[PDB]
Amino acid sequence: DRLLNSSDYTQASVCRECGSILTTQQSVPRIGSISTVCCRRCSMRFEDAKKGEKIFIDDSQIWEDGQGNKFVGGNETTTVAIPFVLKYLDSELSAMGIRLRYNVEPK
Amino acid sequence: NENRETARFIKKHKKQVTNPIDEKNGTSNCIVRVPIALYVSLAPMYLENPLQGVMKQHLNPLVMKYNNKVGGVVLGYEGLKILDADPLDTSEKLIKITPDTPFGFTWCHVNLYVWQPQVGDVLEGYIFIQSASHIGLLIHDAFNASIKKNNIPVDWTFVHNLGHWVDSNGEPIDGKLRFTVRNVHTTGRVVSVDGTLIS
Amino acid sequence: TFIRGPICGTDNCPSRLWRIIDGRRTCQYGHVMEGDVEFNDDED
Amino acid sequence: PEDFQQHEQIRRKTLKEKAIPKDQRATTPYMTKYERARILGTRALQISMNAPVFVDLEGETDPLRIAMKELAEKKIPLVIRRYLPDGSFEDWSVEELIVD
Amino acid sequence: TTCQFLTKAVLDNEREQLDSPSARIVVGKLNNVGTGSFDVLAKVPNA
Amino acid sequence: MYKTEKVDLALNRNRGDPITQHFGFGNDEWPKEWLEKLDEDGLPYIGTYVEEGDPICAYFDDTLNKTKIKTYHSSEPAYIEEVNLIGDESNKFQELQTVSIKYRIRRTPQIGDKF
Amino acid sequence: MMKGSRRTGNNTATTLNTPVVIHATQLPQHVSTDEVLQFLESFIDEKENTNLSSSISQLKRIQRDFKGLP
Amino acid sequence: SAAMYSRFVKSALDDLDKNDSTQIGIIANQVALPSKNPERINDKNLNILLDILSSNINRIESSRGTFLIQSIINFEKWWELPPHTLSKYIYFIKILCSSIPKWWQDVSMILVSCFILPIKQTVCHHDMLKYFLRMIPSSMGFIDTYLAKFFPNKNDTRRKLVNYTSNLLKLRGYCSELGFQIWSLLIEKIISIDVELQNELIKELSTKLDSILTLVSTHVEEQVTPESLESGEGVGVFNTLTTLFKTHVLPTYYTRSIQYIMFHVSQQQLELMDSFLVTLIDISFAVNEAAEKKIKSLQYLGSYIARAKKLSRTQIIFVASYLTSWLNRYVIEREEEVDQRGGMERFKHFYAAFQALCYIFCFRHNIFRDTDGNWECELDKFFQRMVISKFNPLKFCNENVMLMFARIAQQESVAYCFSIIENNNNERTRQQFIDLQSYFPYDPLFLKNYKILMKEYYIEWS
Amino acid sequence: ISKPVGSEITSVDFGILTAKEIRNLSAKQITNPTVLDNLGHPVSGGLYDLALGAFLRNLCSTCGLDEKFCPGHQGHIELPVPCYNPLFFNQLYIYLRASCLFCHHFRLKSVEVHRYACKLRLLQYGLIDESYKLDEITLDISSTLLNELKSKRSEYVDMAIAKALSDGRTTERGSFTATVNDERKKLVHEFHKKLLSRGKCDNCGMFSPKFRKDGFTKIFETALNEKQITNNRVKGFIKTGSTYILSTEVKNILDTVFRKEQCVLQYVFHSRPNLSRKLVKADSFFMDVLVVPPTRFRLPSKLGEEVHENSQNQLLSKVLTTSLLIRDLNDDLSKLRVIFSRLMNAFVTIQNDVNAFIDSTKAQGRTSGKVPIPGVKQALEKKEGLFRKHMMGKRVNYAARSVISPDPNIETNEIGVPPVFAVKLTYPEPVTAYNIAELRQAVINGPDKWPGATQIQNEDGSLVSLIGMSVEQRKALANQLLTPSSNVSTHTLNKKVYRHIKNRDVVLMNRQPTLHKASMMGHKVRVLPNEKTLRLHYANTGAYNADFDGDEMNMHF
Ligand SMILES: [Zn+2]
Ligand SMILES: [Zn+2]
Ligand SMILES: [Zn+2]
Ligand SMILES: [Zn+2]
């Protein structure tokens, strides 16, 4: 009760491949599309699409930001419950250059 | 170096089971069965009737929406199979309450039937109406399709009014039409379908 | 008592604000503004 | 499709490992005063959310006092998962224990 | 000496299992002592 | 109990800064019930029951054209005991930018008050 | 604000909306017209004995698509 | 301007192989003018311009192609086009289903926002629904839920409310496959106004309940007809109201003026009432039900019988074939816990229904005579036996309902418990037993206007 | 509890981010150090960019959301020099002082390194005794024969683990026990002593002089004493005192060391067994590109009628001004002495600002500036900081403190509560069919009379208050509780009317010196009218050890 449920009860989003909390992100949709949740470091831009005879996509990893960059990657997230200060430490561990590659068990 | 890491991406999107051109109708086969595993959140109020709670809360809003995991519009389901957390089949199975909620989560096997559009497919469905630059269709009385003049040859003109079609035989075209499917675009909530005609 | 400032959500109208519990600010009808941060500092 | 087959086969066999059945279970046949807490929390936490109440509640508004009316009659449908610090476990129903 | 250990723990590649109460609180996990050492599971009457 | 409070506009005012804001109301406004706590110079009646949320002085600036009153910055039922209109030193003639205001917090012996 | 707050209802995905992990346990296997129309005869007979009133009609159109005429 | 403006916008048609978007943001912005502005488009440049739009979409469509499609869909008062171009403007929205299967979202934003406007204003939208909802199955979700997103505000006038209800009632007669939610959004949000009037028992709210709910009771009266019960779905409308009355209105406290919608429908024939009260036997007498969700239905049943005119006299004995037969079961089983040391607080279920049987007896008195001077199953002997028992029901019934049980049983010589009524001064938590012995679900209604529809089918005093 | 949580976290990993994946996650690098100008503007390409979350009530670039819903983001900074992380100059200096700068190896032996290589392979599983018996199984230095000794030790260890994996002793995940962890700190600390002290190399006779450091900036190749200069060339046949070495030349040494002696360092760093086989390189020691914290974690403080600048933007722009200057000084020596003395001083103010971004007790600086401006190590090292300050010592909602008082008319398991407390503390009570007799009267009262409620909660999550209403709307909404939602996701979730605190709620209590744990107990609340302090019984005050001199005891509902 007194360290999560009544101080900083936060339900963030965790990418279940790279293991982060900050770098998840609600997708800025196309004007008829639906704002999903896409990560950052699992997401590579669409430019890396070298070459079955083609590399066609089934409309899964294709998301854009408010900047408009087509990224391919970054899906498969979920909802956890962390204290917010953990998210603050994760930035301050990133400031040192130290990640927190988590594990999230329903997979 | 970067030749076996690309196989993480080539195996990522490409679906395995194709749509073979079956019974020589011109149509391929696109209704396909696959079994899955959910991860439900059973209600406390559906403790007495836990089969009705899994279906109503997670399976009745599952049909007739495009699903990004199977890659298909979920047509229908049948046959829920709630697992157990006691590895002892029988009636009184037992599920695991989350420590902070009264909501207890578990595993379920269930069987789905979806629709499978791909590239390189050729299908047949009724045309509803048309224009002088696009022609829209219906497939299986559930599925749209649109064929536009950038998929249509040059000599197919247009009798003008509802204005009908003029092919190289000079006839307004019928309902059912053979067509080759282009990239499917799921931008709207309604599943939009693109298609071509030339080989 | 209301200020010249931002418009927010809760779908009342283009609205205005004022603080009631000093940092969980609300609209006219007491609807909670979702997620303010309320910068402060303690002295000694 | 194929690598979740190499993921549920491994896990549920590993889940099948550390179970200790009704003949091999040799921990205490008592309700160890924290079991009585977390039952009376989570049973009362379900009854707040319109879970079915297997007792004749007669003018009680508190989920806690309602849940202490089902424990007095051994009605609570929970199974206690007593872990052991190797990882193993023994599964215990509310009916087969003695409330002090 | 917080970052003195944090020096070595990243030098350790320490897959911390979050089983001490001075670590389950850091991630806000349910603590493993008392009413949190054991799970509570609901036996539904129907298949 | 008693306590006094400095009301300083010159704490913000620089040396060559002109005399910008002035005690009293102005124009392009009419917020009422400030006239029920304050007097025409924007300094309150002595002996008027103030609280938190209540205007304590009206200084109408001329760079924003609105009376931005400040407020009694405590949580106890006070009054105003006496107000002093404080002049300035380096000149003889400019308007005041320093007021002192004396408060009368009454404190009966409630339960807990030590003997 | 005005556009960012109603995006909680855009996704509207609690745990009472979506399953958490969706893993196809096996391979996709195609179902023929004699199997689909027998599936659609079986399953739609079950959900007609609540909501889902919209998608039942949507599957009746696919049902009549393999037995009748538009 | 005759054919000049056709080649003028045929040069704006050329923006697929020229890609400059010069003339895109002028005329579509000129048609983005408001409807009361006399600077905007006429009807002559309405024809051939949209023939470029109906017959061509490939030479427009991009992210830039959104612009000249937004301002044409969102053209307000779009039925104020000439009928020789209403054929053409629909012919652009016809192909809008077929151009890109996404933009049907955007018209349905405006179809339901014009449900505020009446049938005499917006009759053309009903022809668009049946001719295209058959076409598009995979959109029925936000069709069903935009009656809540485009829902009228709670403090509207009647002009936004008397006509929004008219788009809901006419439409299911030709959209008979969308489903359950259509009827429910009335009963859901009739109670937003219902509870805001009996706490006020200024006159904005009453005519929302008088004359706009009049349309609700009129349309459902037209859905029960002697051919929809024989071959149509007059029982289907009875189905979707039977499964709805048990959800939104019965568990809510102190709820008048709304249950008449159920009360007006199932009063016609022998079929609907012999499936609505035998359903209520499964409600108000089941052991598996909650014993605190049964006092109100045994109070709801009590005032249905003595306030409904079109029920047969052999159907009222059908109540006393089971309600008095329910007292053929308490007489054997549970007359033996009183000598066990316990008060009568456990039997608040038992005196709940026993009020309702005396609530019939305080009203139905001149019905069950014969020529031979008898009564149906000895009516002047049943209330003698169950009152002089060892339960003392005179204290656990209300004084007003025993003021009226006494004067009736004195004139016709039914009961003579008068000296035991007098013996309750030296005989005598509590609030849940006085209110429900005075809450009657079929009170004589304060509304004078709805009683036009319910002059006969609701009983007067005598 | 009507906002449930799905998946959950169980374990944490560590390790150092690549130079590559800081760019894969964030290509929004920053070049403008000047943060705010006239009209207070957040410049794009500066530290307060909108691409790192929204700021000043704007909308975010990449989140697309307001300042209230964006988390902020990260942003790299291109450092053209290898600024090493100052928390790793301990390690790389020690791996330098054995890495022979001539033979591209250590000074050590082939098999002496292999012993500590092979024993840590045994100490990453649940086996210690075979790590000692590995030293037992051994056998004119002829390396033609001693490859059999290489073929003998690990061949057992190929099968000693395979013997152990045949048991239920260890798995390939490994086994990490304190007694395994205790002996792991006995190889490595002894492994980090003889490497630190060697005369020559072994596979050659050539070697380097003593590296001498300074306060975590400079690295010197000192003047070799005149006995040992000849000792490189009397074997090698068949500049001034303390020559400075820089992190580019240091990275030149650390290429063929982590490449060639990889098998040892695969197990020294990775305590657990390696299910990832990523190679060990010096790029994890150095910070090749930095990161920028979110906007929400970087705004300047404010007090009084003022604003006070953050720590981590003064010393983040001072990086970038040096990043400006080290970009500006590029063409000067690129188009032609003392220009190198102008150049070498640019590798200190870029060194002292990765030193000041992270540390502040490890920075030289200028003066002693009244506990100077912190890095991020100093944000984490005191009683204050973060862990004891706001991770162990989290301040709580729904909590009060007051002055205790005697009262002998309450039960010993109780507390007396004033109506001042009794109209503020709320309990999120969900609605059912048994509490509806009370929760309807809770909304009628509101926060005016005590048996009441403050705000309610529909099936959406709306906190519709009850302050502005009156007996019209308060009687109306109480019957708006049992009306279920036609939103399909919200048909289980019932409504949570936040009532007040009643006569039946039980509440923690807390003296501020809690030495025995019985200073922290729980009490049935009895709400006492006509009061302004807590009321305690004498049975309690022998347990809390709090006499009635007026002590501030906290209270937690
Ligand atoms: Zn990541
Ligand atoms: Zn709103
Ligand atoms: Zn962003
Ligand atoms: Zn060598």
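- As stated in the entry header, the method of structure determination is cryo-EM and the reported resolution is 3.5 Å.

**Quick notes on a positive patch on the surface**
Okay, so step 1: A cluster of basic residues, G:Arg64, G:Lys67, H:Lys130 and H:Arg134, forms a positive patch at the surface.
Okay, so step 2: Take H:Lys130: its relative accessible area is 45%, and that puts it in the partly exposed class.

**Let's talk about helix α23 (residues 400-411) of chain H**
Residue and element names in this part refer to chain H.
Okay, so step 1: Over its 12 residues, α23 extends 18 Å from the first C-alpha to the last, a length consistent with the 16 Å expected when each residue adds 1.5 Å.
Okay, so step 2: Those residues of α23 that sit buried are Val 401, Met 402, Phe 405, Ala 406 and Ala 409. Looking straight down α23, one finds its buried side chains confined to an arc of 135°; they lie on one side. Turned more than 90 degrees away from the buried face of α23, the exposed residues are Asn 400, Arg 407, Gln 410 and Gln 411.
Okay, so step 3: Its buried side turned inward, α23 meets α21 (350-361), α22 (379-385) and α24 (418-421).
Okay, so step 4: Following α23 by one or two positions, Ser 413 has its phi on the positive side, about 60°.

**Details of the coordination of the zinc ion (ligand 2)**
Okay, so step 1: The protein atoms that coordinate the zinc ion (ligand 2) are C:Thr10 (O) and C:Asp11 (O), at distances of 2.2 Å.
Okay, so step 2: Residue C:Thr10 is classed as partly exposed on the basis of its relative accessible area of 29%.

**Points about the coordination of the zinc ion (ligand 4)**
Okay, so step 1: For the zinc ion (ligand 4), the protein coordination sphere consists of I:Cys103 (SG), I:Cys201 (SG) and I:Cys204 (SG), at 2.5 Å.
Okay, so step 2: With relative accessibility at 14%, the residue I:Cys204 sits in the buried group.

**A few points about helix α13 (residues 351-358) of chain I**
Okay, so step 1: Extensive coverage of α13(I) is indicated by the burial of 8 of its 8 residues.
Okay, so step 2: Looking at the buried residues of α13(I), the elements they touch are α1 (84-96) of chain A together with β2 (75-84), α7 (247-253), β8 (286-292) and α10 (311-328) of chain I.

**With respect to empty space enclosed by the protein**
Residues and elements named next belong to chain H.
Okay, so step 1: In this structure, the largest cavity encloses a volume near 370 Å³.
Okay, so step 2: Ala 28, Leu 49, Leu 53, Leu 68 and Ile 72 are, among the 21 residues lining the largest cavity, the residues nearest its centre.
Okay, so step 3: For the lining of the largest cavity, the elements supplying multiple residues, two or more each, are α1 (4-12), α2 (24-30), α3 (47-55) and α4 (67-73).
Okay, so step 4: With 4 residues, the top contributor of residues to the lining of the largest cavity is α3.
Okay, so step 5: Split by residue class, the lining of the largest cavity holds 20 nonpolar, 1 polar and no charged.

**Observations regarding the interface of chain I and chain A**
Okay, so step 1: Each side of the interface is counted separately: chain I has 51 residues, and chain A has 46 residues.
Okay, so step 2: Summing both sides of the interface, chain I and chain A together bury roughly 4,400 Å²; the carbon and sulfur share of this comes to 59%.
Okay, so step 3: On inspection of chain I and its partner chain A, the count reaches 19 residue pairs in polar contact.
Okay, so step 4: For the side of chain I that touches chain A, the secondary-structure elements that each account for two or more residues are β1 (9-12), β8, α13 and α14 (387-390) of chain I.
Okay, so step 5: It is β1(I) that contributes the most residues to the side of chain I that touches chain A, 4 residues altogether.
Okay, so step 6: Of the residues that constitute the side of chain I that touches chain A, the class distribution is 27 nonpolar, 16 polar and 8 charged.
Okay, so step 7: Across 3 bridges, strand β10 (residues 102-104) of chain A lies against β1(I) in antiparallel orientation. Residue pairing for β1(I): A:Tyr102 is matched across the bridge by I:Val12.

**Structural notes on the pattern of salt bridges**
Okay, so step 1: Within this structure, the stated rule accounts for 55 salt bridges over all chains.
Okay, so step 2: A salt bridge links G:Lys60 to G:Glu48; the shortest N-O distance between them is 3.8 Å.
Okay, so step 3: The exposure class assigned to G:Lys60 is partly exposed, which follows from its relative accessible area of 40%.
Okay, so step 4: Residue H:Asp14 pairs with H:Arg59 through a salt bridge whose shortest N-O separation is 3.4 Å. In this pair, H:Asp14 sits in the loop between α1 and α2 while H:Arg59 sits in the loop between α3 and α4, placing the two residues 45 residues apart along the sequence.
Okay, so step 5: Judged by its relative accessible area of 33%, H:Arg59 is partly exposed.
Okay, so step 6: Taken together, the shared-partner salt bridges connect I:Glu130, I:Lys163, I:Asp167 and I:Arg169 into one network.

Conventions we followed
- Residues numbered from 1 in each chain as written, not as in the entry; some residues may be left out.
- Chains lettered and ligands numbered in written order.
- Part of a larger assembly, values for the part shown.
- Heavy atoms only, no water.
- Residues with missing side-chain atoms left out of burial classes, pairs and counts.
- Patch = residues over 30% accessible without salt bridge, like charges linked within 9 Å, V, L, I, M, F, W, Y side chains within 5 Å.
- Areas by Shrake-Rupley, 256 points an atom, 1.4 Å probe, with all protein chains shown as cover.
- Salt bridge = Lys/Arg side-chain N within 4 Å of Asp/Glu carboxyl O.
- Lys, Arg positive; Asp, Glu negative; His and termini not counted.
- Charge placed at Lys NZ, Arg CZ, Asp CG, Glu CD.
- Buried < 20%, exposed > 50% of the residue type's maximum accessible area, 1.4 Å probe, protein only.
- Helix = DSSP H or I, 4+ residues; strand = E, 2+ residues; numbered from the N terminus.
- Expected span 1.5 Å × (residues − 1).
- Arc of directions from axis to C-beta.
- Contact = heavy atoms within 4.5 Å.
- Donors = N, O, S within 2.8 Å, 3.2 Å for Na, K, Ca; no water.
- 1 Å grid on protein atoms, 1.4 Å probe; cavity = no way out; pocket = protein on both sides within 12 Å on 5 of 7 lines; lining within 4 Å.
- Points joined across faces, edges and corners; volume = space filled by probe spheres on them.
- Nonpolar A, V, L, I, M, F, W, Y, C, P; charged D, E, K, R; others polar.
- Buried area = accessible area lost by both parts, 1.4 Å probe.
- Polar contact = N/O pair within 3.5 Å; in protein donor to acceptor, adjacent residues only side chain to side chain.
- Pairing = 2+ DSSP bridges.

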